[PDB]
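Okay, so here's the structure we're looking at.
In PDB author numbering, the protein residues as written are 1 to 330.
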């Protein structure tokens, strides 16, 4: 089997991407944030505290003839941005782009933090990291990809995120028309539960490539590119007037600037992020200070190849027995 679904930016900045997902019988379609940095499929629901729902579409398990309470199971998750959610668990039929999994754990939110409530466009998350990170207790649950894997034509999914435009998540096949050149594959460590890999270096604009190992994660659920402070300083030093602002929470730059590109290494290959992808717009409405799309990871503990980086590539998440990542230009 295969599946193919369009993913759409939630706003004009590509702050996140939503993909429609069919849950239950008859289908209830919710727009979920596909997140290769976490491993829980959770949704706003008829169980979510009413004051914490503000425009999201909700899953109502009592209206699904295939929903079954997973008795005793609870979940609770905290994300790198400080947001969180928690609840109980149902199993139900879940379909993405024509690919159907029966018995998928659908984690129903009883509580969500303010950032989720305040984002009316995201009805939940669909985790695509390794199932060892799934938070369901006392019986850990498998991701949608893990459950689908055996049925797929090939044990892979691909992320093809657009810049200010829709893109595609495919399951079970590699669309050879969706990228240019060849796909370069690189080793993955699953020791932390992430799609963790080592970039071979970077360049800023037209500058020379610096060969240096940068360990980090491919994370579709993180907006920006978070890299070591040395690398990020070298980037922003090429932008007149750019500075790190403690009050804003990162590097800002004059909105009048033209940003240089940023290149990262995948083995001997190179992925070029155009300068425009690094512009996240005014820090507040009407400001002439703009927020940078490349930020330091120094306070995180891990480097994160988020959407800024991934949207410059066609990315293969290869879930074979020894997982690997593939990157192609497009």
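Note that the Cβ used here is the ideal one computed from N, Cα and C, for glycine as well.
Inter-residue CB distance, residue i and residue j (contact presumed, cutoff 8 Å)
| i | j | result |
| --- | --- | --- |
| residue 31 | residue 2 | Wrong, their Cβ atoms sit about 21 Å apart, outside the cutoff. |
| residue 129 | residue 194 | 6 Å |
| residue 252 | residue 245 | 5 Å |
| residue 89 | residue 73 | 4 Å |
| residue 217 | residue 196 | 5 Å |
| residue 220 | residue 25 | Not really, about 28 Å apart at Cβ, beyond 8 Å. |
| residue 223 | residue 306 | 6 Å |
Residues bridged to residue i [DSSP beta-bridge criterion]
| i | result |
| --- | --- |
| residue 196 | 189 and 217 |
| residue 378 | Not covered by the structure: residue 378. The range shown for the chain is 1 to 330. |
| residue 243 | 252 |
| residue 202 | 210 and 264 |
| residue 304 | 217 and 226 |
| residue 59 | 45 |
| residue 75 | 87 |
| residue 291 | 252 |
| residue 9 | 17 |
| residue 258 | Answer is none; residue 258 lacks a bridge partner. |
| residue 328 | 314 |
| residue 127 | 35 |
| residue 269 | 266 |
| residue 323 | For residue 323, which the question treats as bridged, DSSP gives no partner whatsoever. |
| residue 94 | 23 and 101 |
| residue 29 | 22 |
| residue 279 | 292 |
| residue 82 | Answer is none; residue 82 lacks a bridge partner. |
| residue 69 | 90 |
| residue 4 | 170 |
Sequence-distant residues of its chain with Cβ nearer than 6 Å to residue i (five each side left out)
| i | result |
| --- | --- |
| residue 5 | 19, 96, 97 and 169 |
| residue 271 | 264, 312, 313 and 327 |
| residue 167 | 7, 160 and 161 |
| residue 275 | 259, 260 and 261 |
| residue 112 | 52 and 85 |
Neighbourhood of residue i by C-beta, 8 Å cutoff - its chain only, sequence neighbours within 5 removed
| i | result |
| --- | --- |
| residue 132 | 39, 140, 190 and 193 |
| residue 27 | 95 |
| residue 228 | 214, 296, 297, 298 and 303 |
Test item: CB-CB of residue i and residue j under 8 Å
| i | j | result |
| --- | --- | --- |
| residue 33 | residue 59 | no |
| residue 84 | residue 78 | yes |
| residue 262 | residue 273 | yes |
| residue 204 | residue 234 | yes |
| residue 278 | residue 308 | yes |
| residue 91 | residue 105 | yes |
| residue 123 | residue 43 | yes |
| residue 46 | residue 62 | yes |
| residue 172 | residue 146 | no |
| residue 318 | residue 325 | yes |
| residue 107 | residue 13 | no |
| residue 156 | residue 316 | yes |
| residue 254 | residue 288 | yes |
| residue 199 | residue 135 | no |
7 Å Cβ shell around residue i - same chain, five flanking residues per side excluded
| i | result |
| --- | --- |
| residue 119 | none |
| residue 212 | 201 |
| residue 188 | 195, 196, 197, 323, 324 and 325 |
| residue 148 | 99, 101 and 171 |
| request: May I have a chain-ordered list of the beta strand (DSSP E) segments no shorter than 3 residues that lie completely inside the region 132-193? | output: 156-160, 167-171 and 184-187
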